[PDB]
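Enquirer: What follows is query.txt; its format and atoms are compact mmCIF, C-alpha atoms.
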# COMPACT_ATOMS: atom_id res chain seq x y z
CA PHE A 352 68.01 6.38 -15.59
CA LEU A 353 66.07 6.02 -12.34
CA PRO A 354 65.55 9.22 -10.33
CA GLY A 355 68.24 9.60 -7.69
CA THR A 356 71.19 7.99 -9.49
CA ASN A 357 74.48 8.74 -11.28
CA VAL A 358 76.07 7.47 -14.51
CA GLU A 359 79.59 6.38 -15.45
CA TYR A 360 80.97 5.59 -18.89
CA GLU A 361 83.55 2.98 -19.87
CA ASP A 362 85.04 1.39 -22.96
CA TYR A 363 84.58 -2.33 -23.54
CA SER A 364 84.97 -2.32 -27.32
CA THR A 365 87.66 -5.03 -27.21
CA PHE A 366 85.23 -7.39 -25.47
CA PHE A 367 82.76 -6.85 -28.32
CA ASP A 368 85.56 -7.03 -30.92
CA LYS A 369 86.35 -10.60 -29.84
CA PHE A 370 83.04 -11.71 -31.35
CA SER A 371 83.18 -9.47 -34.41
CA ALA A 372 80.26 -7.61 -32.86
CA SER A 373 79.17 -4.11 -31.90
CA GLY A 374 76.65 -3.20 -29.23
CA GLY A 375 76.18 -1.89 -25.74
CA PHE A 376 76.52 -2.67 -22.07
CA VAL A 377 74.48 -1.38 -19.15
CA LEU A 378 75.32 -2.35 -15.57
CA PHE A 379 73.50 -1.05 -12.47
CA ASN A 380 74.93 -1.04 -8.94
CA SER A 381 71.98 -0.95 -6.52
CA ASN A 382 73.95 0.14 -3.45
CA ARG A 383 75.95 2.75 -5.33
CA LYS A 384 72.88 3.66 -7.41
CA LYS A 385 75.40 3.82 -10.25
CA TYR A 386 75.13 2.91 -13.91
CA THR A 387 78.23 1.84 -15.77
CA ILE A 388 77.63 1.85 -19.50
CA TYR A 389 79.51 1.29 -22.71
CA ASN A 390 78.21 2.87 -25.94
CA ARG A 391 75.45 5.23 -24.78
CA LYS A 392 73.78 5.26 -28.20
CA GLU A 393 73.16 1.49 -28.33
CA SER A 394 72.29 1.41 -24.63
CA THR A 395 69.44 3.86 -25.25
CA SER A 396 68.28 2.54 -28.61
CA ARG A 397 65.33 0.13 -28.58
CA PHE A 398 65.34 -3.23 -30.31
CA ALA A 399 63.02 -6.20 -30.54
CA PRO A 400 63.31 -7.93 -27.12
CA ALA A 401 63.19 -11.43 -28.65
CA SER A 402 63.57 -14.29 -26.14
CA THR A 403 64.50 -11.78 -23.39
CA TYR A 404 60.79 -11.04 -23.14
CA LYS A 405 59.93 -14.63 -22.09
CA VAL A 406 60.63 -13.61 -18.47
CA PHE A 407 57.65 -11.26 -18.48
CA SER A 408 55.62 -13.54 -20.72
CA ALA A 409 56.05 -16.22 -18.05
CA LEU A 410 55.07 -13.79 -15.27
CA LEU A 411 51.79 -12.84 -16.93
CA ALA A 412 51.01 -16.53 -17.55
CA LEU A 413 51.46 -17.34 -13.86
CA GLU A 414 49.53 -14.28 -12.68
CA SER A 415 46.61 -15.34 -14.91
CA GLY A 416 46.52 -18.90 -13.63
CA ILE A 417 47.37 -20.19 -17.11
CA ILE A 418 50.15 -22.19 -15.43
CA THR A 419 51.41 -22.82 -11.90
CA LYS A 420 54.71 -23.61 -10.16
CA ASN A 421 53.56 -27.24 -9.93
CA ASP A 422 51.82 -27.76 -13.27
CA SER A 423 53.37 -26.02 -16.27
CA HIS A 424 53.79 -29.11 -18.45
CA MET A 425 52.77 -28.73 -22.09
CA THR A 426 52.84 -31.65 -24.54
CA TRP A 427 54.15 -30.77 -27.97
CA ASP A 428 52.14 -31.11 -31.19
CA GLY A 429 54.66 -33.15 -33.12
CA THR A 430 55.87 -30.25 -35.23
CA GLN A 431 59.45 -30.80 -36.36
CA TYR A 432 60.87 -27.38 -35.43
CA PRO A 433 64.35 -26.30 -36.70
CA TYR A 434 65.69 -26.93 -33.18
CA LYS A 435 65.70 -30.41 -31.66
CA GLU A 436 65.19 -29.02 -28.14
CA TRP A 437 61.77 -27.63 -29.00
CA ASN A 438 60.70 -31.03 -30.36
CA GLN A 439 59.65 -32.60 -27.05
CA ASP A 440 57.37 -32.13 -24.04
CA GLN A 441 58.19 -28.77 -22.54
CA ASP A 442 58.11 -27.29 -19.08
CA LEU A 443 58.19 -23.64 -17.96
CA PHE A 444 61.71 -24.32 -16.70
CA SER A 445 62.72 -26.30 -19.80
CA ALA A 446 61.16 -23.78 -22.21
CA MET A 447 63.20 -20.95 -20.67
CA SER A 448 66.58 -22.70 -20.74
CA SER A 449 65.89 -23.78 -24.28
CA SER A 450 63.96 -20.70 -25.39
CA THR A 451 61.35 -23.12 -26.72
CA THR A 452 59.38 -20.39 -28.42
CA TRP A 453 56.21 -22.39 -29.13
CA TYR A 454 55.69 -22.88 -25.38
CA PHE A 455 55.37 -19.18 -24.55
CA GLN A 456 53.60 -18.48 -27.84
CA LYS A 457 50.79 -20.92 -27.09
CA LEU A 458 50.93 -19.32 -23.64
CA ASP A 459 50.47 -15.81 -25.07
CA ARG A 460 47.60 -16.97 -27.30
CA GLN A 461 45.66 -18.32 -24.32
CA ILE A 462 45.81 -14.89 -22.69
CA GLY A 463 44.81 -12.94 -25.80
CA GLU A 464 45.75 -9.62 -27.42
CA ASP A 465 43.42 -7.55 -25.25
CA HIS A 466 44.91 -8.89 -22.00
CA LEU A 467 48.35 -8.83 -23.63
CA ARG A 468 48.31 -5.17 -24.63
CA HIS A 469 46.90 -4.34 -21.19
CA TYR A 470 49.92 -6.05 -19.63
CA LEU A 471 52.60 -4.22 -21.61
CA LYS A 472 50.92 -1.04 -20.41
CA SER A 473 50.61 -2.24 -16.82
CA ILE A 474 54.39 -2.69 -16.59
CA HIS A 475 55.25 -0.05 -19.21
CA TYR A 476 57.49 -2.35 -21.24
CA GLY A 477 59.52 -0.43 -23.80
CA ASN A 478 57.50 1.31 -26.48
CA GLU A 479 54.59 -0.91 -25.39
CA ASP A 480 53.75 -1.63 -29.05
CA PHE A 481 52.15 -4.89 -30.28
CA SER A 482 51.37 -6.65 -33.62
CA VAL A 483 49.95 -10.15 -33.18
CA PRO A 484 50.10 -12.44 -30.10
CA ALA A 485 52.36 -14.86 -31.93
CA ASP A 486 55.33 -12.56 -32.55
CA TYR A 487 55.01 -9.01 -31.15
CA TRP A 488 58.19 -9.64 -29.16
CA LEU A 489 60.10 -10.83 -32.23
CA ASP A 490 58.83 -8.95 -35.29
CA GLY A 491 59.99 -5.57 -34.04
CA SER A 492 56.64 -4.09 -33.08
CA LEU A 493 57.52 -4.24 -29.38
CA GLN A 494 60.91 -2.70 -28.59
CA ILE A 495 62.87 -1.93 -25.41
CA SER A 496 66.34 -0.49 -24.82
CA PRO A 497 69.24 -2.14 -22.97
CA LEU A 498 68.84 0.61 -20.34
CA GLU A 499 65.09 0.05 -20.14
CA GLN A 500 65.71 -3.68 -19.73
CA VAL A 501 67.88 -3.06 -16.63
CA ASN A 502 65.39 -0.67 -15.04
CA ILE A 503 62.40 -2.98 -15.51
CA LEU A 504 64.42 -6.06 -14.50
CA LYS A 505 64.99 -4.29 -11.15
CA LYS A 506 61.28 -3.50 -10.83
CA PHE A 507 60.68 -7.23 -11.37
CA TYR A 508 63.35 -8.32 -8.90
CA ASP A 509 62.14 -5.85 -6.24
CA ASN A 510 58.53 -6.51 -7.23
CA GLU A 511 57.54 -2.85 -7.54
CA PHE A 512 54.85 -4.18 -9.89
CA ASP A 513 53.31 -5.89 -6.86
CA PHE A 514 52.62 -9.35 -8.30
CA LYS A 515 51.99 -12.42 -6.16
CA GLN A 516 55.27 -13.01 -4.31
CA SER A 517 55.03 -16.66 -5.38
CA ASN A 518 55.11 -16.00 -9.13
CA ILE A 519 58.10 -13.63 -8.92
CA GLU A 520 60.05 -16.39 -7.15
CA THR A 521 58.93 -18.84 -9.83
CA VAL A 522 60.17 -16.67 -12.71
CA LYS A 523 63.34 -16.04 -10.70
CA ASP A 524 64.12 -19.77 -10.54
CA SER A 525 63.36 -20.25 -14.23
CA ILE A 526 66.28 -17.96 -15.13
CA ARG A 527 68.75 -18.67 -12.29
CA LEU A 528 71.82 -20.00 -14.14
CA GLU A 529 74.80 -20.56 -11.80
CA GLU A 530 76.24 -19.86 -8.36
CA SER A 531 79.96 -19.31 -7.81
CA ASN A 532 82.07 -17.91 -4.96
CA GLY A 533 79.11 -16.35 -3.16
CA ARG A 534 77.30 -14.90 -6.16
CA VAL A 535 74.22 -16.12 -8.02
CA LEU A 536 73.88 -15.48 -11.75
CA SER A 537 70.45 -15.08 -13.37
CA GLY A 538 69.90 -14.21 -17.03
CA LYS A 539 68.24 -14.83 -20.39
CA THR A 540 69.47 -14.75 -24.00
CA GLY A 541 67.79 -13.37 -27.09
CA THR A 542 68.51 -13.76 -30.79
CA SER A 543 67.06 -11.96 -33.81
CA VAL A 544 67.85 -11.86 -37.53
CA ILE A 545 68.14 -8.33 -38.71
CA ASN A 546 68.82 -8.99 -42.43
CA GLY A 547 70.50 -11.01 -43.77
CA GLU A 548 73.79 -12.45 -42.50
CA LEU A 549 73.66 -9.89 -39.70
CA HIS A 550 72.16 -11.03 -36.39
CA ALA A 551 71.25 -9.33 -33.12
CA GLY A 552 71.78 -10.71 -29.64
CA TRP A 553 70.55 -10.02 -26.11
CA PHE A 554 71.69 -11.08 -22.67
CA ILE A 555 70.03 -9.47 -19.68
CA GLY A 556 69.84 -10.46 -16.05
CA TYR A 557 71.42 -9.78 -12.70
CA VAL A 558 74.01 -10.92 -10.18
CA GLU A 559 73.06 -11.40 -6.56
CA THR A 560 75.80 -11.03 -3.96
CA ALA A 561 75.63 -11.22 -0.17
CA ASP A 562 75.14 -7.48 0.19
CA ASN A 563 74.36 -6.20 -3.32
CA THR A 564 72.56 -6.84 -6.62
CA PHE A 565 73.85 -5.97 -10.07
CA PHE A 566 71.49 -5.57 -13.01
CA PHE A 567 72.90 -5.81 -16.53
CA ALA A 568 71.93 -5.85 -20.18
CA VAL A 569 74.04 -6.33 -23.28
CA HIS A 570 72.77 -5.89 -26.82
CA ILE A 571 74.83 -6.77 -29.88
CA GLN A 572 74.83 -6.80 -33.68
CA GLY A 573 77.29 -8.70 -35.83
CA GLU A 574 77.82 -11.64 -38.17
CA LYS A 575 77.63 -14.23 -35.36
CA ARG A 576 74.81 -16.70 -36.07
CA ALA A 577 74.21 -17.37 -32.37
CA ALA A 578 74.08 -13.74 -31.27
CA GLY A 579 72.38 -14.65 -28.00
CA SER A 580 75.33 -16.80 -26.94
CA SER A 581 77.91 -14.28 -28.06
CA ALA A 582 76.16 -11.49 -26.18
CA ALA A 583 76.10 -13.65 -23.04
CA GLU A 584 79.80 -14.40 -23.43
CA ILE A 585 80.53 -10.69 -23.89
CA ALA A 586 78.49 -9.62 -20.85
CA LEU A 587 80.18 -12.39 -18.87
CA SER A 588 83.73 -11.41 -19.79
CA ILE A 589 82.94 -7.81 -18.86
CA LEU A 590 81.25 -8.95 -15.64
CA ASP A 591 84.34 -11.00 -14.82
CA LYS A 592 86.49 -7.99 -15.71
CA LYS A 593 84.94 -5.81 -13.01
CA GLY A 594 85.02 -8.69 -10.57
CA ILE A 595 81.21 -8.78 -10.29
CA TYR A 596 80.87 -12.40 -11.45
CA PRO A 597 83.86 -14.85 -11.47
What would the structure in this file look like if it were written as structure tokens?

Expert:
Amino acid sequence: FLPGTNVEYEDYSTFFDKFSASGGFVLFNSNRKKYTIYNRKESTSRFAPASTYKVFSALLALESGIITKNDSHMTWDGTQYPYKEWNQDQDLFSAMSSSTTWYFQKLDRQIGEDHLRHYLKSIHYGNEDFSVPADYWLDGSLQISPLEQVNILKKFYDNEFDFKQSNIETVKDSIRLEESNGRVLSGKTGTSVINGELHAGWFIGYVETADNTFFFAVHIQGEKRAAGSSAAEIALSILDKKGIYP
């Protein structure tokens, strides 16, 4: 809850019910400096960021010179991963769309734990915790709340972290999804297994209009295998319900 704002509460249960899921929804109106949120408890509870963190992973990689807008290609070992989309030469842009985990992982390993921990502190990401370079953003060491996601996503968008203007734009393109009416949708999914047949899903991002910018984050928990997709669908139905994104 940024200083100099106001909060509103709404019920979107039915949108979550459609996917046999429970979770939260945080939306932020820049112009109105207003937050609209469903389920305050979930919206303020931290969870493993999962693939949602790739946005910042990518930003650190660029800022370090590990990769550039022009050269971000990375040939793949030959490892037969459980997902056919990971099993091929990746690109920063292809790794994001596909959440090709190995790409960012081998990206995080090049930077190292010391520089990694320093980073989480430099942008104060969630609890800022860390286990090992390979899975800190998946194993539950590092956690951030749906509300925290929105606030830091705005800091990224506005570049209050003062990173090279060029890299921000690069990460922005990597997650730009669609453009309808006069609005541009940007976002990123996240999926985590919480037990057993109970998965968690994330879908954060923002909507850019001609005179405004909406930041949103949805976090879910249910029996849906592809929680990341279901959370995106939920956020999207709600977004389309308030006429923010057609």

Enquirer: Report, in Å with one decimal, the straight-line distance from atom CA of residue A:591 to atom CA of residue A:498.

Expert: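 According to the coordinates, atom CA of residue A:591 and atom CA of residue A:498 are separated by 20.1 Å.
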
Enquirer: Pick out the closest residue to residue A:413 from this set: A:586, A:527, A:462, A:593. Count all atoms listed in the file.

Expert: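 Ranking A:586, A:527, A:462, A:593 by distance to residue A:413, first place goes to A:462.
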
Enquirer: A:565, A:360, A:427, A:554: which is nearest residue A:585, counting all atoms listed in the file?

Expert: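 The shortest atom-to-atom distance to residue A:585 comes from A:554.
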
Enquirer: Go ahead and find all residues with at least one atom no further than 12 Å from (50.2, -21.7, -28.3) in the file's coordinates, using only C-alpha atoms; report them as JSON, numbers by chain.

Expert: {"A": [412, 417, 425, 426, 427, 428, 451, 452, 453, 454, 455, 456, 457, 458, 459, 460, 461, 462, 463, 484, 485, 486]}

Enquirer: Please determine, counting all atoms listed in the file, which residue among A:368, A:509, A:529, A:361 has the shortest atom-to-atom distance to residue A:575.

Expert: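 Closest candidate: A:368.
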
Enquirer: For stretch 551-576 of chain A, where the input has fewer atoms than it should, I would like N, CA, C and O atoms rebuilt and written as a short mmCIF file (atom, residue, chain, number, x, y, z; two decimals), keeping the file's coordinate frame.

Expert:
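Saved the output as result.cif:
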data_model
loop_
_atom_site.label_atom_id
_atom_site.label_comp_id
_atom_site.auth_asym_id
_atom_site.auth_seq_id
_atom_site.Cartn_x
_atom_site.Cartn_y
_atom_site.Cartn_z
N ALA A 551 71.28 -10.12 -34.34
CA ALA A 551 71.25 -9.33 -33.12
C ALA A 551 71.17 -10.26 -31.93
O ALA A 551 70.54 -11.31 -32.00
N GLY A 552 71.81 -9.88 -30.83
CA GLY A 552 71.78 -10.71 -29.64
C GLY A 552 71.57 -9.95 -28.34
O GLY A 552 72.05 -8.83 -28.18
N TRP A 553 70.86 -10.59 -27.42
CA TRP A 553 70.55 -10.02 -26.11
C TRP A 553 70.97 -10.94 -24.98
O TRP A 553 70.89 -12.16 -25.08
N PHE A 554 71.39 -10.34 -23.88
CA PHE A 554 71.69 -11.08 -22.67
C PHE A 554 71.50 -10.11 -21.52
O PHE A 554 72.30 -9.20 -21.30
N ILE A 555 70.39 -10.30 -20.81
CA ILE A 555 70.03 -9.47 -19.68
C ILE A 555 69.93 -10.34 -18.45
O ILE A 555 69.84 -11.55 -18.55
N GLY A 556 69.93 -9.71 -17.28
CA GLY A 556 69.84 -10.46 -16.05
C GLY A 556 70.47 -9.70 -14.90
O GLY A 556 70.65 -8.49 -14.95
N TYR A 557 70.81 -10.42 -13.84
CA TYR A 557 71.42 -9.78 -12.70
C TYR A 557 72.31 -10.73 -11.90
O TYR A 557 72.29 -11.95 -12.08
N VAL A 558 73.13 -10.15 -11.04
CA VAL A 558 74.01 -10.92 -10.18
C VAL A 558 73.65 -10.58 -8.75
O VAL A 558 73.59 -9.41 -8.36
N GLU A 559 73.40 -11.62 -7.96
CA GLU A 559 73.06 -11.40 -6.56
C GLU A 559 74.24 -11.76 -5.67
O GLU A 559 74.72 -12.89 -5.71
N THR A 560 74.71 -10.78 -4.90
CA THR A 560 75.80 -11.03 -3.96
C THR A 560 75.20 -11.05 -2.55
O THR A 560 73.98 -10.96 -2.37
N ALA A 561 76.07 -11.16 -1.55
CA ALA A 561 75.63 -11.22 -0.17
C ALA A 561 75.11 -9.89 0.33
O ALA A 561 74.28 -9.85 1.23
N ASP A 562 75.58 -8.80 -0.26
CA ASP A 562 75.14 -7.48 0.19
C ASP A 562 74.76 -6.53 -0.95
O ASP A 562 74.50 -5.35 -0.71
N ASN A 563 74.69 -7.04 -2.17
CA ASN A 563 74.36 -6.20 -3.32
C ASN A 563 73.72 -6.97 -4.48
O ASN A 563 73.68 -8.20 -4.48
N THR A 564 73.18 -6.24 -5.44
CA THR A 564 72.56 -6.84 -6.62
C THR A 564 72.92 -5.99 -7.83
O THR A 564 72.72 -4.77 -7.84
N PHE A 565 73.45 -6.65 -8.85
CA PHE A 565 73.85 -5.97 -10.07
C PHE A 565 72.93 -6.34 -11.20
O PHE A 565 72.72 -7.52 -11.47
N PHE A 566 72.37 -5.34 -11.88
CA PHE A 566 71.49 -5.57 -13.01
C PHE A 566 72.24 -5.20 -14.27
O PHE A 566 72.87 -4.15 -14.33
N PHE A 567 72.18 -6.06 -15.28
CA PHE A 567 72.90 -5.81 -16.53
C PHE A 567 72.14 -6.19 -17.79
O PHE A 567 71.23 -7.02 -17.78
N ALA A 568 72.54 -5.58 -18.90
CA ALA A 568 71.93 -5.85 -20.18
C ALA A 568 72.95 -5.53 -21.26
O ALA A 568 73.58 -4.48 -21.26
N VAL A 569 73.12 -6.48 -22.17
CA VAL A 569 74.04 -6.33 -23.28
C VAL A 569 73.25 -6.57 -24.56
O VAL A 569 72.48 -7.53 -24.65
N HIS A 570 73.42 -5.69 -25.54
CA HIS A 570 72.77 -5.89 -26.82
C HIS A 570 73.83 -5.78 -27.90
O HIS A 570 74.61 -4.83 -27.89
N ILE A 571 73.84 -6.75 -28.81
CA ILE A 571 74.83 -6.77 -29.88
C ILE A 571 74.28 -6.92 -31.30
O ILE A 571 73.11 -7.24 -31.51
N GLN A 572 75.16 -6.69 -32.26
CA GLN A 572 74.83 -6.80 -33.68
C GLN A 572 76.12 -7.17 -34.39
O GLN A 572 77.13 -6.47 -34.25
N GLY A 573 76.10 -8.27 -35.12
CA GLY A 573 77.29 -8.70 -35.83
C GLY A 573 76.98 -9.84 -36.77
O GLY A 573 75.81 -10.11 -37.06
N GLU A 574 78.02 -10.52 -37.25
CA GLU A 574 77.82 -11.64 -38.17
C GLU A 574 77.76 -13.00 -37.47
O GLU A 574 77.77 -14.04 -38.13
N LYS A 575 77.70 -12.99 -36.14
CA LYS A 575 77.63 -14.23 -35.36
C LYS A 575 76.22 -14.80 -35.46
O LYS A 575 75.25 -14.13 -35.12
N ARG A 576 76.11 -16.05 -35.93
CA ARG A 576 74.81 -16.70 -36.07
C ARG A 576 74.09 -16.78 -34.72
O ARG A 576 72.91 -16.44 -34.61
#
